[PDB]
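Below: the structure, in structure tokens.
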Amino acid sequence: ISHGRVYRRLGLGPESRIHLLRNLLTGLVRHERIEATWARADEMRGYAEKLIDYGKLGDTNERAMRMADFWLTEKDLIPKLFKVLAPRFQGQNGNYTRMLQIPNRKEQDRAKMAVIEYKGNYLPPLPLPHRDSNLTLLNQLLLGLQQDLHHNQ
Amino acid sequence: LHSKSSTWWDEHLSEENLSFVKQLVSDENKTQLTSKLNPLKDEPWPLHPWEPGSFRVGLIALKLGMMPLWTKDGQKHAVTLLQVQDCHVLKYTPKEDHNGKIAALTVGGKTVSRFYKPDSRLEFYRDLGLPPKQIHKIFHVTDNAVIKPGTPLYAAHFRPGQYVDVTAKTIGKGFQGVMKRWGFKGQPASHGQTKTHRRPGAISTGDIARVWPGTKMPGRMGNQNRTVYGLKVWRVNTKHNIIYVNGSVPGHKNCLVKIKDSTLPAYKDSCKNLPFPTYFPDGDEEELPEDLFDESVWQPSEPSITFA
Amino acid sequence: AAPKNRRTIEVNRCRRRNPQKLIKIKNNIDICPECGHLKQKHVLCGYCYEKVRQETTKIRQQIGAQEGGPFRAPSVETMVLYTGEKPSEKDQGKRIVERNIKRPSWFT
Amino acid sequence: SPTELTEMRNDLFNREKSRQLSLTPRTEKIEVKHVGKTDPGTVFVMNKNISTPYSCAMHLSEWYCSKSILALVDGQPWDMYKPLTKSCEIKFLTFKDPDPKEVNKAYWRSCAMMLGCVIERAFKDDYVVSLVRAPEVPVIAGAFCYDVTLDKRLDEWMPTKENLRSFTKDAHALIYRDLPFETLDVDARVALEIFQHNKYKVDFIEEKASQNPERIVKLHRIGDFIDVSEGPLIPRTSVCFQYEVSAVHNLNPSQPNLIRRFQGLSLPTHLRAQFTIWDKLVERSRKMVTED
Amino acid sequence: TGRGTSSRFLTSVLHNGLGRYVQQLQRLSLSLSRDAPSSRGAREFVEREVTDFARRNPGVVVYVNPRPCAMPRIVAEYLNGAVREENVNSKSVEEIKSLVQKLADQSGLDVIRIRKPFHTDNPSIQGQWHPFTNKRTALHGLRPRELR
Amino acid sequence: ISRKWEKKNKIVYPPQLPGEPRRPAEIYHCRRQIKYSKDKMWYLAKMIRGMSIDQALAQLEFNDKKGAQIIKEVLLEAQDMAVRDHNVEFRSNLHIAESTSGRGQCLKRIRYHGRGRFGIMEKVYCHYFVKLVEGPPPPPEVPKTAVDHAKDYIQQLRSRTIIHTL
Amino acid sequence: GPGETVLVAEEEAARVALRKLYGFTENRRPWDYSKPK
RNA sequence: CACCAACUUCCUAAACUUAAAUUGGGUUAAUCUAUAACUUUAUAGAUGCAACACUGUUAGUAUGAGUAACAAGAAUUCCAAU
Ligand SMILES: [Mg+2]
Ligand SMILES: [Mg+2]
Ligand SMILES: [Mg+2]
Ligand SMILES: [Mg+2]
Ligand SMILES: [Mg+2]
Ligand SMILES: [Mg+2]
Ligand SMILES: [Mg+2]
Ligand SMILES: [Mg+2]
Ligand SMILES: [Mg+2]
Ligand SMILES: [Mg+2]
Ligand SMILES: [Mg+2]
Ligand SMILES: [Mg+2]
Ligand SMILES: [Mg+2]
Ligand SMILES: [Mg+2]
Ligand SMILES: [Mg+2]
Ligand SMILES: [Mg+2]
Ligand SMILES: [Mg+2]
Ligand SMILES: [Mg+2]
Ligand SMILES: [Zn+2]
């Protein structure tokens with residue numbers, strides 16, 4: 001009976017879970033694109049989004065600095081969070097991270113894998129799933145339906 | 001591959017048409033629902049008077065939550081909130097074709113999406129002219145109380161002072177041991193017990209050389225249909241179609257429940273003073289107040305209760 | 001508790017060939033438009049993804065040389081330029097990573 | 001008798017096939033190069049006038065065979081089952097290409113032809129049904145249109161809902177058969193002989209023959225049924241999955257000969273539509289279509 | 001062994017006796033050793049009894065093949081195509097004569113369980129029983145409870 | 001040990017006469033000493049039975065089992081020798097007629113236990129066999145209709161004879 | 001004649017008549033092989 | 001006012017009259033030798049001369065069971081790197 005609980009049980013315990021997640025978050029901020037097991041990447045996605053919000057609060061905020069200090073073990077990253085990532089995501093209200101499933105791991109444990117990144121990074125674009133064009137057969141028929149309904153009141 | 005492939009509604013939709021389809025489906029839901037708002041002006045089936053031994057149709061409601069309620073005597077009653085959402089009669093079976101003793105009506109509530117449903121269910125609703133509903137339930141209704149399919153049902157069907165029966169699936173607790181499932185005592189924690197603390201004791205006696213059918217054993221608990229009998233109705237909110245029911249109702253919040261007049265012998269014939277087929281807002285002989293109260297209930301905004 | 005009897009191959013064949021124990025056939029396998037290799041509908045193409053990361057490793061390798069040591073992450077945005085490209089006015093005051101190869105067609 | 005026309009027309013169709021098949025003696029090898037994005041640079045050493053683009057797809061893999069609806073031979077759309085004629089570069093088109101304009105037309109034309117086949121055999125042999133034309137309508141129109149002239153006896157009978165439902169049942173039967181769309185490029189003379197009785201077809205053949213410098217005219221056959229075509233068609237009738245004959249509308253200025261336009265919608269297996277979406281499209285396919 | 005073996009019905013090769021009786025045995029082969037103790041009885045059969053058997057059965061062709069041999073063997077072939085082989089190794093003259101006669105009397109039909117001791121293609125002369133035999137008809141063919 | 005599966009690719013039939021259906025090509029291939037249980041390999045071999053070459057490869061590419069890659073590699077080798085050596089025209093025109101696993105020669109080792117006791121463990125090997133037949137996969141299985149079931153029942157009734165009598 | 005359906009039964013009865021008209025009834029006198037003459 | 005029911009008895013063909021230690025007797029599988037036979041046989045002479053069973057010996061292979069159980073901190077720019 002684990003109804004309503006919003007966390008995975010990871011690592012050696014609750015504290016170990018935080019540290020495992022913290023290490024992934026630290027890697028994500030530095031490199032902006034990280035591969036982990038799909039479950040662990042999903043666990044860390046929420047923290048990645050909330051960290052940007054703390055960065056938006058501002059450099060001078062004391063709580064933001066303490067939060068940034070705890071989560072970014074490599075302390076050179078803290079300037080990056082407040083002066084690079086937060087300015088980038090000023091317009092958005094959320095959805096800063098992009099997470100997609102990668103083919104399973106070829107390492108005899110066949111782990112389910114994911115790629116987690118921050119949006120807007122400098123790295124080569126991921127091969128995202130592109131929806132079909134309006135020129136396809138089904139789309140054109142729907143486009144015809146849309147035009148008639150809009151034009152005819 | 002010349003082989004079967006899996007598809008979903010969004011697979012071949014472009015970004016532009018992806019929003020268009022959602023608006024198109026949402027628009028049709030509104031049109032169909034409005035078309036059914038006026039039943040009396042749509043060739044209603046003949047209206048019959050109430051007579052002893054009659055059974056009306058029931059409703060399907062969503063379980064909102066609980067709150068405290070006080071009566072003019074100062075006693076506090078925990079009450080559960082039941083909301084009727086898109087309750088409509090769907091199908092009618094005559095007395096002969098369902099059960100010789102009584103007829104049946106199918107009533108559905110809680111409009112749901114049309115995208116991940118079997119075509120058979122979608123075909124059923126298309127002829128009926130309604131959007132699909134999450135749950136169907138069957139109500140035994142006497143012939144005089146039969147209602148035409150497609151007729152909207154509202155919370156004002158019930159009235160305060162009326163006792164009612166609620167049935168729903170209980171909260172699902174998964175596989176459980178005998179201590180939690182059947183209230184077994186278990187074994188002592190200390191004094192030398194070797195790996196026996198929450199276990200069943202002896203299954204049976206040795207003479208029969210078998211285990212009796214129905215023996216209580218560890219297994220999946222909850223997620224079963226259960227009924228609660230004789231819950232009073234304290235108040236009805238017409239604007240939002242909320243029924244206030246005494247006590248607890250099986251299931252979790254946001255779960256659909258089946259509500260029908262109580263079958264207890266004491267409340268044998270309560271339909272005498274209730275809308276006999278159902279309550280029709282279309283008639284609007286007198287527009288109902290936003291909130292209907294039971295006499296004992298102490299309404300908010302009243303003066304403080306002094307036991308004078 | 002120990003077995004009272006040997007289990008026959010007739011019983012055993014019914015256990016290990018029951019449909020519940022068989023490998024399910026997958027209906028979500030599709031061919032990738034760009035590379036023409038196989039993929040699952042809900043999963044990224046492994047061939048195309050393989051191209052992206054190996055280019056990423058090349059970029060990150062160049063980054064390591066420029067920084068030269070740990071704890072040298074910039075406080076300004078980064079940008080990658082390929083041979084035949086020069087920083088624009090909007091590119092002013094941003095770390096520039098230089099790659100010997102030409103701009104990949106897919107990378108823009 | 002109508003059965004005789006099917007026999008004689010089929011005989012002429014087969015005779016031309018053998019004549020062209022015999023026309024090519026021995027085996028001559030043509031090099032055709034794959035120019036598509038995937039598997040680039042592959043060269044297929046095929047036999048001239050015998051091998052077809054489907055055979056090239058067979059070499060690569062079953063995905064090409066199942067997903068390829070059309071081929072681009074030297075920049076021109078070719079039927080998958082039309083024998084290749086000379087050395088060229090070949091590319092395979094699918095329904096999910098970024099701009100599948102040519103594929104959409106071929107699917108639309110083939111579905112219209114399937115409508116004509118159903119109409120001919122639907123009515124009782126007592127009445128006389130004559131196929132006039134299949135107007136070329138944009139896919140945006142919302143339906144494919146086939147024009148037909150029924151007997152003067154039925155000059156004021158209109159099909160009911162059950163009658164239209166009956167038509168779709170025949171169409172679905174055609175799909176289940178999984179009949180390949182045979183292809184012939186034939187000179188006016190033979191095409192006129194196959195379609196001598198039908199005045200409407202004769203004039204259409206004359207137009208489509210004058211258009212080309214020679215008298216070549218495209219002929220396509222589904223089972224026994226034969227028809228003239230505006231261009232390339234789908235490989236097989238099994239491509240269609242959802243099919244509907246939406247409605248028939250009488251063309252008002254048709255006092256000399258009452259022409260009734262037949263309308264319907266279809267979608268391939270590759271692009272299936274959900275239940276509700278299909279219904280809404282079908283409703284919009286029951287409205288008149290004006291060729292533009 | 002009945003359920004571990006095949007069975008058949010009683011039969012004759014070509015309605016053997018309806019018009020005329022035909023002997024099914026058509027060929028007998030006897031292989032001998034000129035000088036071998038085990039073939040002695042077979043040698044005496046050839047000297048004394050083979051000629052008489054052939055005359056009595058003029059439709060059977062009898063082949064006698066003296067040759068260096070370890071075991072004398074009799075091979076019998078029938079008109080239906082069946083072939084039966086018998087080891088005659090060190091049998092007396094009488095046993096061989098007794099066995100040879102059995103081959104002549106037999107047909108080539110397989111010697112296995114026979115389901116029924118009787119076979120007929122015309123089991124009935126007055127009509128095979130069916131449930132309506134011995135049931136009286138009703139006026140106007142009215143079934144029970146039928147009002148008419 | 002026996003190695004008859006390899007020999008089957010050496011059978012040579014006489015030239016077919018003009019009035020005869022074209023004989024489909026058959027290719028036999030195997031990989032012998034695979035470090036993998038035959039019981040485990042059966043499931044992978046079972047799944048691809050009857051499928052086309054491309055369909056079999058697609059399913060194997062996305063299976064997580066160790067044996068899937070082994071079977072896929074064998075299938076690709078079988079495909080190449082079919083076209084290269086056995087006059088198969090189209091690579092795609094192939095289906096799995098036979099696919100099964102057999103026991104290999106195993107090694108005996110010692111499994112240590114708690115109190116100086118031991119057990120005999122087996123280091124298991126297995127073989128994998130395939131036959132590829134040119135042509136489309138044979139049509140799938142069609143269940144009996146209700147009318148077919150009724151027809152068989154009536155035949156049983158009509159076969160009844162009067163038992164143990166003239 | 002007997003039959004599973006009325007049409008089948010009637011058709012069988014037609015054959016029963018024709019057998020009794022051409023003297024080929026199932027109980028007809030057996031063929032005579034006795035004669036040496 | 002009977003019928004059915006056991007190889008009891010009769011009948012066609014035959015047969016000549018009943019737990020188990022023990023006792024009398026007629027054959028026979030296998031192999032070697034003598035002398036023969038020559039697709040595997042005969043008469044004599046011999047013997048390590050016949051195994052559904054000793055918690056039998058050795059080897060092989062099952063069952064339990066693909067079960068119990070076993071193992072590598074994280075990311076990356078990479079295993080004598082950070
Ligand atoms: Mg959970
Ligand atoms: Mg309470
Ligand atoms: Mg639960
Ligand atoms: Mg306790
Ligand atoms: Mg304890
Ligand atoms: Mg008992
Ligand atoms: Mg150990
Ligand atoms: Mg073992
Ligand atoms: Mg006796
Ligand atoms: Mg011994
Ligand atoms: Mg033994
Ligand atoms: Mg024991
Ligand atoms: Mg033993
Ligand atoms: Mg085992
Ligand atoms: Mg177990
Ligand atoms: Mg377990
Ligand atoms: Mg375990
Ligand atoms: Mg460890
Ligand atoms: Zn790809």
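Identifiers in this document derive from the order of the structure tokens: chains are assigned A, B, ..., residues are numbered from 1 separately in each chain, and ligands are numbered from 1 in order of occurrence.
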Return as a PyMOL selection string the full set of residues in chain A whose backbone-based DSSP assignment is strand (DSSP E or B). chain A and resi 33-37+97-102+113-118
Got time to write the residues from that selection, N, CA and C atoms, as an mmCIF file, in the first residue's frame?
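The resulting file, result_35.cif, is reproduced below:
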```cif
data_model
loop_
_atom_site.group_PDB
_atom_site.id
_atom_site.type_symbol
_atom_site.label_atom_id
_atom_site.label_comp_id
_atom_site.auth_asym_id
_atom_site.auth_seq_id
_atom_site.Cartn_x
_atom_site.Cartn_y
_atom_site.Cartn_z
ATOM 1 N N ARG A 33 23.162 17.813 -20.469
ATOM 2 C CA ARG A 33 22.543 16.618 -21.031
ATOM 3 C C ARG A 33 23.189 15.409 -20.375
ATOM 4 N N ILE A 34 22.373 14.568 -19.744
ATOM 5 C CA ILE A 34 22.845 13.456 -18.927
ATOM 6 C C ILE A 34 22.037 12.210 -19.255
ATOM 7 N N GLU A 35 22.714 11.066 -19.286
ATOM 8 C CA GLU A 35 22.062 9.769 -19.395
ATOM 9 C C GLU A 35 22.055 9.093 -18.033
ATOM 10 N N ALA A 36 20.889 8.600 -17.632
ATOM 11 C CA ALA A 36 20.739 7.801 -16.429
ATOM 12 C C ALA A 36 19.659 6.766 -16.700
ATOM 13 N N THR A 37 19.433 5.880 -15.735
ATOM 14 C CA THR A 37 18.309 4.967 -15.856
ATOM 15 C C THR A 37 17.011 5.762 -15.869
ATOM 16 N N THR A 97 13.177 21.284 -18.596
ATOM 17 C CA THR A 97 13.910 20.062 -18.889
ATOM 18 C C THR A 97 13.170 19.229 -19.926
ATOM 19 N N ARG A 98 13.936 18.606 -20.812
ATOM 20 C CA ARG A 98 13.425 17.697 -21.829
ATOM 21 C C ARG A 98 13.932 16.297 -21.509
ATOM 22 N N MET A 99 13.015 15.344 -21.362
ATOM 23 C CA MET A 99 13.363 13.970 -21.027
ATOM 24 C C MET A 99 12.759 13.020 -22.053
ATOM 25 N N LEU A 100 13.592 12.139 -22.606
ATOM 26 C CA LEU A 100 13.156 11.182 -23.612
ATOM 27 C C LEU A 100 13.789 9.826 -23.345
ATOM 28 N N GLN A 101 13.082 8.771 -23.738
ATOM 29 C CA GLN A 101 13.571 7.415 -23.537
ATOM 30 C C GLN A 101 14.527 7.018 -24.655
ATOM 31 N N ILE A 102 15.634 6.395 -24.268
ATOM 32 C CA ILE A 102 16.696 5.966 -25.176
ATOM 33 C C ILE A 102 16.635 4.445 -25.273
ATOM 34 N N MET A 113 16.641 3.154 -20.189
ATOM 35 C CA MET A 113 17.479 4.345 -20.197
ATOM 36 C C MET A 113 16.697 5.563 -20.667
ATOM 37 N N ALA A 114 17.126 6.731 -20.197
ATOM 38 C CA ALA A 114 16.547 8.002 -20.600
ATOM 39 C C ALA A 114 17.655 9.031 -20.751
ATOM 40 N N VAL A 115 17.359 10.078 -21.514
ATOM 41 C CA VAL A 115 18.226 11.244 -21.641
ATOM 42 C C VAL A 115 17.467 12.438 -21.083
ATOM 43 N N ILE A 116 18.076 13.133 -20.129
ATOM 44 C CA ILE A 116 17.503 14.332 -19.529
ATOM 45 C C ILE A 116 18.413 15.508 -19.852
ATOM 46 N N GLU A 117 17.818 16.613 -20.290
ATOM 47 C CA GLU A 117 18.565 17.812 -20.633
ATOM 48 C C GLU A 117 17.765 19.040 -20.229
ATOM 49 N N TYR A 118 18.464 20.166 -20.105
ATOM 50 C CA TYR A 118 17.814 21.465 -20.016
ATOM 51 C C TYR A 118 17.573 22.012 -21.415
#
```
Hey, which residues sit close to ligand 16? Say within 12 Å, counting only C-alpha atoms (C1' of nucleotides) and all ligand atoms, and write them as number ranges by chain. H: 65-69
Quick one: residues within 9 Å of ligand 19, with only C-alpha atoms (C1' of nucleotides) and all ligand atoms, as a ChimeraX atom specification? /A:127 /C:31-39,44-50
Output the selection as a PDB file, in the first residue's frame - N, CA and C atoms for each residue.
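This is the output file part_15.pdb:
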```
ATOM      1  N   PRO A 127      17.453  13.773 -31.598  1.00  0.00           N
ATOM      2  CA  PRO A 127      16.512  13.381 -32.670  1.00  0.00           C
ATOM      3  C   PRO A 127      15.097  13.185 -32.131  1.00  0.00           C
TER       4      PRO A 127
ATOM      5  N   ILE C  31      10.320   1.616 -38.630  1.00  0.00           N
ATOM      6  CA  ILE C  31      11.571   1.964 -39.294  1.00  0.00           C
ATOM      7  C   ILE C  31      11.747   3.475 -39.246  1.00  0.00           C
ATOM      8  N   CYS C  32      12.983   3.916 -39.033  1.00  0.00           N
ATOM      9  CA  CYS C  32      13.271   5.336 -38.856  1.00  0.00           C
ATOM     10  C   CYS C  32      13.278   6.050 -40.205  1.00  0.00           C
ATOM     11  N   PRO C  33      12.647   7.223 -40.322  1.00  0.00           N
ATOM     12  CA  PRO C  33      12.652   7.913 -41.626  1.00  0.00           C
ATOM     13  C   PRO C  33      14.036   8.337 -42.094  1.00  0.00           C
ATOM     14  N   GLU C  34      14.845   8.931 -41.214  1.00  0.00           N
ATOM     15  CA  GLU C  34      16.112   9.509 -41.655  1.00  0.00           C
ATOM     16  C   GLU C  34      17.162   8.439 -41.928  1.00  0.00           C
ATOM     17  N   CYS C  35      17.401   7.549 -40.966  1.00  0.00           N
ATOM     18  CA  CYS C  35      18.487   6.586 -41.089  1.00  0.00           C
ATOM     19  C   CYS C  35      18.054   5.277 -41.730  1.00  0.00           C
ATOM     20  N   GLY C  36      16.768   4.947 -41.685  1.00  0.00           N
ATOM     21  CA  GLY C  36      16.307   3.694 -42.246  1.00  0.00           C
ATOM     22  C   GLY C  36      16.587   2.484 -41.389  1.00  0.00           C
ATOM     23  N   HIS C  37      16.897   2.679 -40.113  1.00  0.00           N
ATOM     24  CA  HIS C  37      17.094   1.590 -39.171  1.00  0.00           C
ATOM     25  C   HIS C  37      15.859   1.442 -38.293  1.00  0.00           C
ATOM     26  N   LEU C  38      15.788   0.318 -37.590  1.00  0.00           N
ATOM     27  CA  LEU C  38      14.597  -0.012 -36.826  1.00  0.00           C
ATOM     28  C   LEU C  38      14.573   0.723 -35.495  1.00  0.00           C
ATOM     29  N   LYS C  39      13.362   0.968 -35.007  1.00  0.00           N
ATOM     30  CA  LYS C  39      13.153   1.675 -33.754  1.00  0.00           C
ATOM     31  C   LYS C  39      11.784   1.294 -33.215  1.00  0.00           C
ATOM     32  N   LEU C  44      13.538   6.702 -28.839  1.00  0.00           N
ATOM     33  CA  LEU C  44      14.368   7.397 -29.810  1.00  0.00           C
ATOM     34  C   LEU C  44      15.167   6.397 -30.635  1.00  0.00           C
ATOM     35  N   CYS C  45      15.371   6.730 -31.906  1.00  0.00           N
ATOM     36  CA  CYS C  45      16.151   5.863 -32.774  1.00  0.00           C
ATOM     37  C   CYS C  45      17.576   5.762 -32.251  1.00  0.00           C
ATOM     38  N   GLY C  46      18.061   4.528 -32.102  1.00  0.00           N
ATOM     39  CA  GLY C  46      19.376   4.333 -31.522  1.00  0.00           C
ATOM     40  C   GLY C  46      20.503   4.655 -32.474  1.00  0.00           C
ATOM     41  N   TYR C  47      20.277   4.484 -33.775  1.00  0.00           N
ATOM     42  CA  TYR C  47      21.290   4.860 -34.753  1.00  0.00           C
ATOM     43  C   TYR C  47      21.447   6.374 -34.826  1.00  0.00           C
ATOM     44  N   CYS C  48      20.334   7.097 -34.951  1.00  0.00           N
ATOM     45  CA  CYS C  48      20.408   8.552 -35.009  1.00  0.00           C
ATOM     46  C   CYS C  48      20.936   9.125 -33.703  1.00  0.00           C
ATOM     47  N   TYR C  49      20.451   8.618 -32.568  1.00  0.00           N
ATOM     48  CA  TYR C  49      20.976   9.069 -31.287  1.00  0.00           C
ATOM     49  C   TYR C  49      22.466   8.790 -31.171  1.00  0.00           C
ATOM     50  N   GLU C  50      22.934   7.689 -31.761  1.00  0.00           N
ATOM     51  CA  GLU C  50      24.353   7.366 -31.698  1.00  0.00           C
ATOM     52  C   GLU C  50      25.188   8.439 -32.383  1.00  0.00           C
TER      53      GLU C  50
END
```
Around ligand 9, at most 9 Å away and counting only C-alpha atoms (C1' of nucleotides) and all ligand atoms, which residues are there? Put them as an MDAnalysis selection string, please. chainID H and resid 7:9 17
Which residues are near ligand 14 in this structure, taking near to mean any atom at most 12 Å from a ligand atom and counting only C-alpha atoms (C1' of nucleotides) and all ligand atoms? Format them as an MDAnalysis selection string. (chainID C and resid 6:9 12) or (chainID F and resid 37:39 121:122 124) or (chainID H and resid 61:67)
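Residues from chain C that have an atom within 9 Å of chain H, counting only C-alpha atoms (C1' of nucleotides), are residues 2, 3, 5, 6, 7, 8, 57, 58, 59, 60, 61, 62, 63, 64, 65, 69 and 70 of chain C.
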Return as a PyMOL selection string every polymer residue, whether protein, DNA or RNA, with at least one atom no more than 10 Å from an atom of ligand 5; count only C-alpha atoms (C1' of nucleotides) and all ligand atoms. chain B and resi 187-198
With the cut-off set at 12 Å and counting only C-alpha atoms, tabulate each residue of segment 41-157 of chain F with an atom at most that distance from an atom of segment 4-7 of chain F, showing the nearest atom pair and its distance in Å to one decimal, ordered by chain and increasing number, as CSV.
```
residue,atom,partner,partner_atom,distance
F:78,CA,F:6,CA,11.7
F:98,CA,F:5,CA,11.8
F:100,CA,F:5,CA,11.9
F:102,CA,F:5,CA,11.8
F:127,CA,F:5,CA,10.9
F:128,CA,F:5,CA,10.3
F:129,CA,F:5,CA,7.7
F:130,CA,F:5,CA,9.0
F:131,CA,F:5,CA,9.4
```
Selected residues written out with N, CA, C and O atoms, as a PDB file, in the first residue's frame:
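This went into selection34.pdb:
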```pdb
ATOM      1  N   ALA F  78      22.559 -16.935 -42.274  1.00  0.00           N
ATOM      2  CA  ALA F  78      21.710 -17.770 -43.114  1.00  0.00           C
ATOM      3  C   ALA F  78      21.165 -16.982 -44.297  1.00  0.00           C
ATOM      4  O   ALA F  78      21.058 -17.511 -45.409  1.00  0.00           O
ATOM      5  N   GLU F  98      11.823 -23.810 -39.868  1.00  0.00           N
ATOM      6  CA  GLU F  98      12.178 -24.573 -38.681  1.00  0.00           C
ATOM      7  C   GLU F  98      13.141 -23.757 -37.835  1.00  0.00           C
ATOM      8  O   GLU F  98      14.055 -23.128 -38.372  1.00  0.00           O
ATOM      9  N   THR F 100      14.820 -24.362 -33.755  1.00  0.00           N
ATOM     10  CA  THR F 100      14.802 -25.148 -32.533  1.00  0.00           C
ATOM     11  C   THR F 100      16.190 -25.130 -31.911  1.00  0.00           C
ATOM     12  O   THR F 100      17.168 -24.707 -32.531  1.00  0.00           O
ATOM     13  N   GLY F 102      19.036 -27.415 -29.346  1.00  0.00           N
ATOM     14  CA  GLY F 102      19.417 -28.717 -28.857  1.00  0.00           C
ATOM     15  C   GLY F 102      20.513 -28.623 -27.815  1.00  0.00           C
ATOM     16  O   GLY F 102      21.211 -27.617 -27.695  1.00  0.00           O
ATOM     17  N   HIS F 127      22.829 -25.883 -28.881  1.00  0.00           N
ATOM     18  CA  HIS F 127      22.902 -25.669 -30.314  1.00  0.00           C
ATOM     19  C   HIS F 127      21.642 -24.946 -30.762  1.00  0.00           C
ATOM     20  O   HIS F 127      20.622 -24.943 -30.070  1.00  0.00           O
ATOM     21  N   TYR F 128      21.731 -24.301 -31.917  1.00  0.00           N
ATOM     22  CA  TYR F 128      20.585 -23.638 -32.518  1.00  0.00           C
ATOM     23  C   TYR F 128      20.545 -23.950 -34.006  1.00  0.00           C
ATOM     24  O   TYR F 128      21.549 -23.789 -34.704  1.00  0.00           O
ATOM     25  N   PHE F 129      19.383 -24.395 -34.483  1.00  0.00           N
ATOM     26  CA  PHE F 129      19.179 -24.789 -35.869  1.00  0.00           C
ATOM     27  C   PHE F 129      18.096 -23.927 -36.500  1.00  0.00           C
ATOM     28  O   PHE F 129      17.144 -23.515 -35.834  1.00  0.00           O
ATOM     29  N   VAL F 130      18.251 -23.661 -37.796  1.00  0.00           N
ATOM     30  CA  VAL F 130      17.230 -22.997 -38.596  1.00  0.00           C
ATOM     31  C   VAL F 130      17.215 -23.586 -39.997  1.00  0.00           C
ATOM     32  O   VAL F 130      18.248 -24.004 -40.529  1.00  0.00           O
ATOM     33  N   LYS F 131      16.027 -23.616 -40.589  1.00  0.00           N
ATOM     34  CA  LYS F 131      15.860 -23.803 -42.021  1.00  0.00           C
ATOM     35  C   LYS F 131      15.104 -22.605 -42.573  1.00  0.00           C
ATOM     36  O   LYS F 131      14.035 -22.254 -42.065  1.00  0.00           O
TER      37      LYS F 131
END
```
Residue 16 of chain G environment, 7 Å, only C-alpha atoms (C1' of nucleotides), sequence neighbours closer than 4 positions dropped, as a list in words: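 Listed by chain and then number, they are residues 1, 12 and 20 of chain G.
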Preceding selection exported with N, CA, C and O atoms as an mmCIF file, in the first residue's frame:
```cif
data_model
loop_
_atom_site.group_PDB
_atom_site.id
_atom_site.type_symbol
_atom_site.label_atom_id
_atom_site.label_comp_id
_atom_site.auth_asym_id
_atom_site.auth_seq_id
_atom_site.Cartn_x
_atom_site.Cartn_y
_atom_site.Cartn_z
ATOM 1 N N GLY G 1 -39.338 -43.025 -48.907
ATOM 2 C CA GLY G 1 -37.925 -42.842 -48.669
ATOM 3 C C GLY G 1 -37.621 -41.948 -47.481
ATOM 4 O O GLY G 1 -38.393 -41.047 -47.142
ATOM 5 N N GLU G 12 -34.975 -39.185 -52.309
ATOM 6 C CA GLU G 12 -34.675 -40.583 -52.023
ATOM 7 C C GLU G 12 -35.856 -41.480 -52.372
ATOM 8 O O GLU G 12 -35.672 -42.585 -52.894
ATOM 9 N N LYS G 20 -37.644 -50.210 -57.743
ATOM 10 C CA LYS G 20 -38.729 -51.178 -57.829
ATOM 11 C C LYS G 20 -39.373 -51.230 -59.206
ATOM 12 O O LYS G 20 -40.171 -52.137 -59.462
#
```
Can you list, as a ChimeraX atom specification, all residues belonging to chain G that DSSP tags as helix (DSSP H, G or I)? /G:6-21
Residues within 9 Å of ligand 7 (only C-alpha atoms (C1' of nucleotides) and all ligand atoms), as number ranges by chain? F: 111-114; H: 70
Dump C-alpha atoms (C1' of nucleotides) for the selected residues as a PDB file, in the first residue's frame?
```pdb
ATOM      1  CA  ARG F 111      28.983 -26.185  -6.419  1.00  0.00           C
ATOM      2  CA  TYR F 112      30.131 -25.439  -2.865  1.00  0.00           C
ATOM      3  CA  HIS F 113      27.670 -25.705   0.023  1.00  0.00           C
ATOM      4  CA  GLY F 114      27.572 -24.845   3.690  1.00  0.00           C
TER       5      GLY F 114
ATOM      6  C1'   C H  70      25.174 -15.424  -6.396  1.00  0.00           C
TER       7        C H  70
END
```
Identify all chain F residues at most 7 Å from chain D by counting only C-alpha atoms; ligands do not count. Present them as a list in words.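 Listed by rising number, the hits are residues 54, 90, 91 and 92 of chain F.
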Please, could you write that set of residues out with C-alpha atoms as a PDB file, in the first residue's frame?
```
ATOM      1  CA  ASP F  54      12.594  -9.312 -41.744  1.00  0.00           C
ATOM      2  CA  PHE F  90      15.513 -11.533 -52.946  1.00  0.00           C
ATOM      3  CA  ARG F  91      16.834 -11.335 -49.390  1.00  0.00           C
ATOM      4  CA  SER F  92      13.388 -10.469 -48.033  1.00  0.00           C
TER       5      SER F  92
END
```
